[PDB]
Amino acid sequence: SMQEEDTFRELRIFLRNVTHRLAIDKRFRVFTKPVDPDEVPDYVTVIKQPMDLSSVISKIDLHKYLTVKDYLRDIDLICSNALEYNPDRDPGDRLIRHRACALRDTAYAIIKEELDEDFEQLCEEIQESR
Ligand SMILES: Cn1c(=O)ccc2ccccc21
């Protein structure tokens, strides 16, 4: 119905806003764009599902997230990809990992403070029924 279309529109507005806030944080600059295959040629061969915040924005806009849980799975994927691709003890790898964890923690903290749980439940139930 139009009431359901309005729910999902509110979801998209909410998710763009959260993603924007992550995207303008200087710690998370590394996560704002897809990894450049010139800059990092073995990335695509190691990491099977690349994800970054620009792509998250494209996915919102393509109506790919029907719940906040589905969004958080992609935020999780940014983080897990960074942990897996950069596993070593050296400071380069530790910096990116720490940033990856801070990205994930921040996304979850914003959603905990700002997402109404009954709004998420509504989205899940509309999604369950389609
Ligand atoms: C996320 N990420 C990595 O996980 C590894 C290298 C790299 C290089 C440029 C930008 C992002 C990058």
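Computed over heavy atoms, backbone and side chain alike; hydrogens, waters and symmetry mates excluded. All ligand and atom numbering here is 1-based and tracks the order in the structure. Numbering of residues begins at 1 and proceeds along the displayed sequence.
The main-chain N or O of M51 is never found under 3.5 Å from a side-chain atom of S55 such that the two would form a donor-acceptor pair. Under the 3.5 Å distance criterion, the side-chain polar atoms of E84 are left unmatched by any main-chain donor or acceptor of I47.
Between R12 and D61 there is no salt bridge, since none of the side-chain N atoms of the basic residue sits less than 4.0 Å from a carboxylate O of the acidic one. A salt bridge between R21 and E114 is present, with a side-chain N of the basic residue lying under 4.0 Å from a carboxylate O of the acidic one.
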Considering only N or O atoms, set out every pair between ligand 1 and the protein closer than 3.5 Å, with distances to one decimal place.
unit_1: ligand 1; atom_1: 4 (O); unit_2: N86; atom_2: ND2; d: 2.8

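For the pair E120 and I111, the minimum side-chain heavy-atom distance is 4.5 Å or more.
For the ring-ring contact (aromatic ring centres under 6.0 Å, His included) test, residues two or more places apart in sequence or in another chain that qualify with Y85 are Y43.
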